[PDB]
């Protein structure tokens, strides 16, 4: 059972926080009394978000502008964010490289860039954040999509990158469990969200109900606060019925009896 008080005084990083869901998450955390450090490329927009967050009641609020294409930036941002706040309780990984619906033909640069930004940078951020999260017994929140669980035409690269996050973060979650790293990892599986970016990209191609981003932002925060492994958020009740893979959980359990990890 979530209570907003759970975020009060928590030190939180939100990436891709200048717009959409990331910005909504910043605002919610602001209202909850959390310390926040938001990031994205747009310094000016970040400034506005930061100002509004202080308005909303954030215990403290800062932004650091940069591109997540740059792994050195990602790494230094975490350290700098942690220094401003005196630690870190939750790492919210939410940015993605800009993407539109298109048939895949030969754009290898977009497939590479998508892997770099949507996947690689999440890993670099995690490595950089880990000692602080370990010290706080904090949380990693990874923003994924229904397209990171099942296949859709027109987003091959993006979907590849969301699939990767599941495979990467679900692996380390089992490693953490065994090495006693008390850091939660919540994978967020979102359907269509009414963000300006998504609504434009799907215009005339996709005819489905877009869920509200303010609510989506909250359900993400909630999942992290409760240390849930996965969060499922979609308009359709049929998604919520079919989305889970209980067989996958069973299989992982059955295989767990066939390997020995005492040796690190």
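Residue numbers count along the first chain shown, from 1.
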Stretch exceeding the other in mean C-alpha B-factor - 233 to 241, 192 to 200:
233 to 241
Mean CA temperature factor from the deposited coordinates, higher in 148 to 156 or in 78 to 86?
78 to 86
Between 40, 221, 34, 26, which one tops the list for Cα B-factor in this entry?
34
Out of 226, 30, 68, 217, whose C-alpha atom has the biggest B factor in the entry?
30
Which third of the chain does residue 105 land in by C-alpha B-factor: lowest, middle or highest?
middle
Would you please rank residue 161 by its C-alpha temperature factor against the other modelled residues of its chain and give the third it falls in: lowest, middle or highest?
lowest
Compared with the other modelled residues in the chain, in which third is the CA B-factor of residue 181?
highest
Within this chain's modelled residues, let me know which third the CA B factor of residue 121 belongs to: lowest, middle or highest.
lowest
Rank-wise, by C-alpha B-factor, drop residue 136 into the lowest, middle or highest third of its chain.
middle
